[PDB]
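**Student:** Experimental coordinates for this protein are included below, preceded by the sequence.
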Amino acid sequence: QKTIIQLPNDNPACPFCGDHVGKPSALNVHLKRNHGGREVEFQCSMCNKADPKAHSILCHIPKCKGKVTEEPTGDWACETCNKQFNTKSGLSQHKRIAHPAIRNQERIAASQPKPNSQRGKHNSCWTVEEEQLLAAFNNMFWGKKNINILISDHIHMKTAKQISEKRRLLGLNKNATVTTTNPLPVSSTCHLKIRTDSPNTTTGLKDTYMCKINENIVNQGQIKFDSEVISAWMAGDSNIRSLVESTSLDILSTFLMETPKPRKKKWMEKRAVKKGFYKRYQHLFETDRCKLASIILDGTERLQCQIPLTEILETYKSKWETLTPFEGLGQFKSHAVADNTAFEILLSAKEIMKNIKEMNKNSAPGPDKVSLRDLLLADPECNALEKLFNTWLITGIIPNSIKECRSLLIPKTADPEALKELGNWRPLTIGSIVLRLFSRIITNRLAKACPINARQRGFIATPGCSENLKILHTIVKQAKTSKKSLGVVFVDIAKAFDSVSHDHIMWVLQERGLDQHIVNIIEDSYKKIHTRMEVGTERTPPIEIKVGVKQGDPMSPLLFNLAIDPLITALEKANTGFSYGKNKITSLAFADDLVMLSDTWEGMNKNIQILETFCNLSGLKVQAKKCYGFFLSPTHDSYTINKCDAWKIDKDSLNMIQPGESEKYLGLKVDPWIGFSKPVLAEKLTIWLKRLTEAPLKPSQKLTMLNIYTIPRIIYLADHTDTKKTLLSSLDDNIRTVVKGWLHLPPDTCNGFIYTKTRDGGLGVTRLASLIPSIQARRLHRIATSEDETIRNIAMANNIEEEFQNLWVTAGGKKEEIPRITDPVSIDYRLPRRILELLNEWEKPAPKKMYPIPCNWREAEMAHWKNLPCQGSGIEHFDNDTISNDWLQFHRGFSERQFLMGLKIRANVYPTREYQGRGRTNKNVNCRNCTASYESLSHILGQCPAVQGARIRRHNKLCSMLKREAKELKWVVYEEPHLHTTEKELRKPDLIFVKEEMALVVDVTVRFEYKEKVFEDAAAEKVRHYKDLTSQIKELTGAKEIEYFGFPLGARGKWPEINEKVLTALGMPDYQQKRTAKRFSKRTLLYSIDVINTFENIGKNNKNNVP
DNA sequence: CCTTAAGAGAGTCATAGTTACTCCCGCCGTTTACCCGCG
DNA sequence: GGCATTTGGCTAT
RNA sequence: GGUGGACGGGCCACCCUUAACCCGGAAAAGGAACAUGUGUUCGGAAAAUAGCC
DNA sequence: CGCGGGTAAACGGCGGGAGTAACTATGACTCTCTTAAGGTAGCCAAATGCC
Ligand SMILES: Cc1cn([C@H]2C[C@H](O)[C@@H](COP(=O)(O)OP(=O)(O)OP(=O)(O)O)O2)c(=O)[nH]c1=O
Ligand SMILES: [Mg+2]
Ligand SMILES: [Zn+2]
Ligand SMILES: [Zn+2]
Ligand SMILES: [Zn+2]
Ligand SMILES: [Zn+2]
C-alpha cells in the first residue's frame, strides 16, 4: 500500500531507495524527483496522523498532544457509522447532518402520531360486528316503514338510544357510508377553436410596405430593394417567386465569392509518441487553443458517431420527414396579443451590420460555403444584403436555392457507453449564413413582436440560470423556514426542437396576432429545407425537414419559446403555485427545462395534469426518466421530505428525490435536504490541475491555460452556489501551490505577485476567495434589480438586502459604498447619445447594464505586494505600466528558463544568498563572489565587480540597439567619442546623434528599481554630467542645437517615460515609439537575466570545472 | 558599466459564531364519543 | 494618415 | 570505467546490438491509420439563443 | 331515522426556553527554507475598423 514515513525524523530514509537525503522537505522533493507515480504519505508517530504533504505533519507535531485518537465515548451511539454521543439530541443532530435519509425517516415516524388513544376516554362497549350489521341493515332500512323492527332487538343487549349513539359516531342521522377520492377530469382545455380569419389585417404589413415603397420611389429614399421585383409584386404578379429567386441567385452569386483558397499557414523508441504529443499540443497552443483546453481539462479529444450511416439515415428520415398529428392547443393561450408595429421600419444596412456584429465571427459555413468574413468582404456596407433582405421581407418569399443546409451529430453525453446508442447524439443543422443572418434579424423583430410569459427565463435578456437558481433556492429555504408545505418538480421536454411540429409553431403565430405576412415568411423559412446529413466522410441523401426546428437556426430558440409559452402561461394561470406572500410563483422555466412549484401535493397533481394535457396536444413528450420532484411537508420542529406518495407523471412514477440524493438542474445538483448539493470544487480543481501538470505545456503555457480556460469553469459553479470564504481560500491555496510548482517559484513567494494582473507585473492568477464573493455580490444585485417583478418580490422578501450587504463587505467593499440594492443601475450603450438618437431602436446596440464591483481586489493585492519590505521593493514602478509588463504576456523570444528566471527576478524571490538567508539570523547573507554585506538583486546587477564585464556588455548592447534605431531614422551616429572639458577630464557620452542641425547627447544607464526618483536622478545625473561639453560637441559635428537628456532603463525591465521623451526628440512616431519601448524593456530584462546567469556561473561553475 | 534593507507563506489547533435543527415544558385548542330532546 | 481599438474565456439550453 | 535509453537530474541495459522507466527550466510524429520501401492524412471538425467573467 | 344543541379530557399544535453536531471564521501560534545542466539568440503580438 501507500508507503508511510513517520515523523519527527531529522533525516528520514526514503522508503523506496533508503537514501538519507535530508530533512522531510528534501525527502519529499527527492520522492517527487526519483519516485514519481508512487504514492507516499507522512505520519505523526505519536498520533498516527497521516497527510501527503510533509509540511502539514511537520507543523502538526508541535501542536500534537500525545495519542489523540480516542473516540468521543457516549451512550447514544449512531446505528450506521457507530459514532458515540452523550445526548439524544446530539445523536439526532448527527443523524440529521450525516444520514439525511435516516433522519428524514425518523422525522416522518415522529410525525406519524400512532397513539391509538386519541379518543377522550368516552369509548363504549360497542362491538365492531354489531356496527357492521347495523350499517348493512340501515342501508337496507333507509327511512322505510317498519324502520326499527330488527335494529331494536337483533343487537342483543342494546337500546335504540345506543344505536343513536353509535350512529352519531358514524353517520349522525344514519350510518357512515364511505365514499371519497377526488375527480380525475378537472382540466378541460381542449375546446373552443378560435381561428376564423387572418390574425392581423391580411395586408397589414403589405399595406405599410406598399406605402413606404411608394414614398421611397417618389422621394428617392434610402430604402434598398430591386426595383423590378417589388414592381412586379405591387402589380399582383403571378410568378413573383421565380423573379425573386432569380434576383436572389444573382445577389448570392455576388456573395458566393470564389472564397479564398486555403491560406492557412531497440529500433522501437517511444520517443516518437512523446514528440507527437508535444507537437500536437504546441500546435494547438499556437493555433486555436480552446480545443487544447477542451482536450486537456475535459480529457476527451473529440467524439464522433460510430453508429452506421444507414442507421442514422433511417432514424433521421423517420424523425424529420415523418409528420405528427396536430389539432390545436384548445384553451391553451399564449400571454397576449402580438405587436405588429415591431415589423415596421424595413431593414436598413445599419440594422444588418448591427446583427452581424452580434453573431459568431468564426461560424462554420453552410452548404453555400459562405462565411461571415466573406459576407462582409463582398458587402462591407451591407447595402446588397439590405436589398436582398428587403426584397424577401416585402415579397414574403425566401428563395429555395438558399434553403439547402448541412447536418451534423454532436455528443450530448460524456459517457462513451451512452454514446453507443443514437439517442445521445444531438443533430445540428447549419444553413446558409445568409439565411442565418436573415432569420436572426426576423428573430429580433419577432421577439419584440411576441411577448413571452415572464416565467420563461431561457433565451431572453435576463440572466436566466442565475435568476432561476436563486429563486428556487430561496423558495425552498422559505418553505423550510416558515413551515409552509412545498412541492417541487423538474420536467424536461424530450426532443425539444426536433419534436415541435411546424403546424404547432404556425398555430402559435396565429391568433397570437402576428401579421400574416410574417407568418408566411416564417413558414417559408421552414419550407423545403433539405439537410443531407454528413458523418465522417460520407453524406446521406437529402432529407426533407418536415418536423421540428433546425438546431442552429437563430429563430429556432424563439420559435420553441413561443411554442412552449401556452404551457407556462396555463401553469401560471392555474394559481396552484407556491403561495409566496400575496403573489405566488407556479413554474420557473429555462428553455425546455421547467420546474413546477406548488403549495400542496394535490396542487402538483393539478400541474402534472396541465403538463400532460399540453404534451398530449402539442405532440411534445415528457420523459419520466429525467423528471424529478420532492415534497416538503412540515412538522412541529422541522420538515419531512417525501412523506407523501410519489407523483404519477404520464401514468408513470415520477422519480422523487430522497434526502442526500441530488438530481442536476442547470448544472447544479439540487438536493431537497440542503437546497443545492455542495459542489465538488476541490475534486474538480485537483483533477484539472493534475491534467494541466502532466501535459507538454511548458510552465508559461500551463499558466496561460490555467488563467484563461480553467478558472471560469469553476467560477460558474462556485458563484452560483453560495460558496463560503474558507472553502474558496482552501482552493486558492491549492491553486497557488500548484502554480508555484509549475513556475518553480519558492513556496514563500508573495501572494501579491501571483495575484496581481499581468499588466501590473504579476502572474494574473485569479484569487477565488476574493473574486467569487465579488461575482456573488454582483449576481445578488442583478437578481434584486431584475426586470421580473416576480423575481424582485420573491428575493426582496427573503431579506437578501442583508445578504447583499454581507457579500459586499466580504468581497472587500466599504459599508458606506454599499449601493441601495433597490436603486436604478447605470446602463451603457457603447455609443454617444447623439449617435443613439440619430438611429432607430432596431439599429441600437443592445444596452448593457453595468453593475458595481465591491472593490478592485487586484488593486488590493497590488497594495499588499507593495507593503512587503523585501518582496515588494521598487515594485511601484511597474504599477499600471503597460510597457514594462508586456513580456509577462508576450514572451516569445524568452526561453522558458529565461521567462521563469524573469518571473523570479521581478518578484524578488530569486534564490540569492540574501534570499536564502532571508529572515534567519544564523545564516550568512554576505556576497559569495565579493565583499558586499548583502547579496541582493540590486547588488548582483549593479554593484558586484564579479559581473563587471557582463554589466558592461549589457549596457553596450542596449546602446547598440538605440544606435540601430537612430540609424533607421536616418541619424548620423557617433559612438563613445572622447571629449575633454575645460578641466581636462574624461567624459564620454554614449551616443551622439546628428541630423540637420541639432545634435542629441544620449547616455544609457541601467538602474535597479528601488525608489521612484531613481530614474529621475539618473537622468538628472546625466543632465548634470555632460553640460560643460557643449562647445566641444559643436566642434565635433557642426551642430547648432544640443540636448542632454539621458536614457535610463530598468534593470528588471522598467521603461521610464523620460525615455519616451528622448525618442520623441529623435522624431520617432508614436506607434513605433511604443514598439521600441516594449522591445527595449524586453531586451533589457533579457540582458539582466544574462548578467544573473554570468554571476551564477562565476564561482559555482568555476569550482565545478576548476576544483 | 552603479548601490543603502532583508519573511512570508504553509499549516495546525483552539475557540467562538451560527445553522438548522432537537428536546422538553406547558397551555390552549381540536377531536372523539355519548346525552338529551324528538319530531 | 496611423491610430487606435480591440483582440479572450466560461455557463445554461 | 565507457557507451545506449532525443537532451539534463536520476535509474536502468550492454560491454556493441539495448527491456523498461520517473522528473524537468528539455521535448514540433523513426507513432496511428491509409495508400507501396515511398507519399498522404495524423481537421482549426461544431451551429444557434441568451447570460456571466 | 334525523334533528339540532350541549358535553369535556387525552393529545396535538404551537410559543418558547434550553442544547447541540458540525460546519465556518478568525486568532494564536509553529515550521519551511541547496532541485536537476549549459549555450545561443533574444523574438514574437499581432489583425483589424475607421479614418
Ligand atoms: C445543449 C444544447 C441545446 N440546444 C437547444 C436545442 C434543444 O432542443 C434545446 C433543449 O436541449 P435539451 O433539453 O438538453 O435536449 P433534448 O431535450 O432535446 O434531449 P433529450 O430528448 O434527450 O431530453 O436547447 C442547442 O441548440 N445547443 C445545445 O448545445
Ligand atoms: Mg430536454
Ligand atoms: Zn528515494
Ligand atoms: Zn499527532
Ligand atoms: Zn453516523
Ligand atoms: Zn559582490
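**Tutor:** Good, I have the coordinates. Residues are numbered from 1 along each chain as shown, chains lettered A, B, ... in the order given. Ligands and ions are numbered 1, 2, ... in the order given.
**Student:** do you know how far the residue nearest in space to the middle of chain A is from residue A:679?
**Tutor:** Geometric centre of chain A, nearest residue: residue A:716, 4.8 Å, by CA atoms, centre = their mean. According to CB to CB, to the nearest Å, residue A:716 and residue A:679 sit 10 Å apart. Backbone N, C-alpha and C define where each C-beta goes, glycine included.
**Student:** just to revisit the earlier point, so which helix or strand takes in the residue nearest to the centre of chain A?
**Tutor:** helix A:711-720 (DSSP states H and E).
**Student:** can I get the CA coordinates of that helix in CSV?
**Tutor:** Taking Å, rounded to 0.1, in the frame of the first residue of the first chain, the C-alpha atoms of helix A:711-720 are listed here in CSV:
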residue,chain,number,x,y,z
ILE,A,711,-10.8,29.1,-13.7
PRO,A,712,-14.1,30.1,-15.4
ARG,A,713,-15.3,26.6,-15.4
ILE,A,714,-15.1,26.5,-11.6
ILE,A,715,-16.2,30.2,-11.4
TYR,A,716,-19.7,29.4,-12.6
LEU,A,717,-20.4,26.7,-10.0
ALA,A,718,-18.5,28.5,-7.2
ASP,A,719,-20.5,31.7,-7.7
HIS,A,720,-23.9,30.2,-8.3
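**Student:** helices and strands around that helix, which ones?
**Tutor:** helix A:464-482, helix A:681-693, helix A:725-743, helix A:768-784 (3 or more CB pairs under 8 Å, 6 or more residues apart in numbering; DSSP states H and E).
**Student:** That helix near DNA strand C at all?
**Tutor:** Yes - judged by CB under 7 Å from any atom of the strand, helix A:711-720 and DNA strand C are in contact via A:712-713, A:716.
**Student:** repeat for stretch A:816-828
**Tutor:** No - using CB under 7 Å from any atom of the strand, stretch A:816-828 never reaches DNA strand C; the gap is at least 11.6 Å.
**Student:** So what does residue A:597 have for phi and psi?
**Tutor:** Dihedral pair for residue A:597: phi -120, psi 150, per degrees, to the nearest 10.
**Student:** is it true that it touches residue A:586?
**Tutor:** Yes - using CB atoms under 8 Å, residue A:597 is in contact with residue A:586, at 6.1 Å.
**Student:** And for the residue lying closest to residue A:631 once chain neighbours are set aside, the neighbour number?
**Tutor:** For residue A:631, ignoring the flanking residues on the chain, the nearest one in space by CB to CB, 6 or more residues apart in numbering is residue A:487 at 4.7 Å. Neighbour count of residue A:487, defined by other CB atoms under 10 Å: 26.
**Student:** before we move on, what about residue A:609?
**Tutor:** The number of residues near residue A:609, taken as other CB under 10 Å, comes to 19.
**Student:** surely it meets residue A:186?
**Tutor:** Yes - counting by CB under 8 Å, residue A:609 touches residue A:186, with 6.9 Å between them.
**Student:** what does chain A have sitting close to DNA strand C?
**Tutor:** A:288-290, A:293-294, A:458-459, A:464-465, A:557, A:590-593, A:664-667, A:708-709, A:712-713, A:716, A:1069-1071.
**Student:** ok, then the element right after the helix ranked longest in chain A?
**Tutor:** Taking DSSP state H as the criterion, chain A has its longest helix at helix A:1070-1096. Elements were assigned by DSSP H and E; along the chain past helix A:1070-1096, the next helix or strand is helix A:1102-1105.
**Student:** Would that next one count as contacting DNA strand E?
**Tutor:** Yes - against DNA strand E, helix A:1102-1105 shows contacts by CB under 7 Å from any atom of the strand at residue A:1104.
**Student:** That helix: how far from the chain's middle?
**Tutor:** Here helix A:1102-1105 is found 54 Å from its chain centre; the criterion is CA atoms, centre = their mean, to the nearest Å.
**Student:** What about the residue in chain A that ligand 6 sits nearest to, how many residues nearby?
**Tutor:** Nearest residue of chain A to ligand 6: residue A:930, at 2.4 Å (CB to the ion). When counting by other CB under 10 Å, one arrives at 17 neighbours for residue A:930.
**Student:** show me what contacts it?
**Tutor:** When contacts are counted by CB atoms under 8 Å, 6 or more residues apart in numbering, residue A:930 touches A:939, A:944-946.
**Student:** repeat that for 10 Å
**Tutor:** A:939-940, A:943-947, A:1095, A:1098-1099 (CB atoms under 10 Å, 6 or more residues apart in numbering).
**Student:** which pair in those spans the largest distance?
**Tutor:** Pairwise distances across those (CB to CB) peak at 16.1 Å, for the pair A:943 and A:1099.
**Student:** So between the two, which is more surrounded?
**Tutor:** The neighbour comparison of residue A:943 against residue A:1099 (other CB under 10 Å) goes to residue A:943, with 16 against 13.
**Student:** Correct me if wrong: the more buried one contacts residue A:1051.
**Tutor:** No - assessed by CB atoms under 10 Å, residue A:943 is found out of contact with residue A:1051, at 11.3 Å.
**Student:** so how far is residue A:762 from the closest residue to residue A:763 other than its chain neighbours?
**Tutor:** Leaving aside its sequence neighbours, residue A:763 sits nearest to residue A:754 (CB to CB, 6+ apart; 5.2 Å). Going from residue A:754 to residue A:762 by CB to CB gives 6 Å.
**Student:** Confirm that residue A:163 sits in a strand.
**Tutor:** No - using DSSP: H, G, I helix; E, B strand; the rest coil, the assignment for residue A:163 is helix, not a strand.
**Student:** My read is that it contacts residue A:135, right?
**Tutor:** No - Residue A:163 lies out of contact with residue A:135 (CB under 10 Å); the separation is 11.3 Å.
**Student:** Give the residues shared as contacts by those two.
**Tutor:** Going by CB under 10 Å, 6+ apart, residues that sit against residue A:163 and also against residue A:135 are residue A:175.
**Student:** quick revisit: does the helix or strand where the residue nearest to residue A:763 lies reach DNA strand B?
**Tutor:** In this structure, residue A:754 is located in helix A:751-755 according to DSSP H and E. Yes - judged by CB under 7 Å from any atom of the strand, helix A:751-755 and DNA strand B are in contact via A:751-752.
**Student:** and what of stretch A:97-113?
**Tutor:** Yes - contact of stretch A:97-113 with DNA strand B (CB under 7 Å from any atom of the strand) involves A:103, A:106-107, A:110.
**Student:** Can you lay out these as TSV showing secondary structure?
**Tutor:** Converted to TSV, the residues of stretch A:97-113 next to DNA strand B look like this (three-state DSSP):
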residue	secondary structure
A:103	helix
A:106	helix
A:107	helix
A:110	helix
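**Student:** related to what we said a few turns ago, so how far is the helix holding residue A:716 from its chain's centroid?
**Tutor:** Distance, centroid of helix A:711-720 to centroid of chain: 6 Å (CA atoms, centre = their mean).
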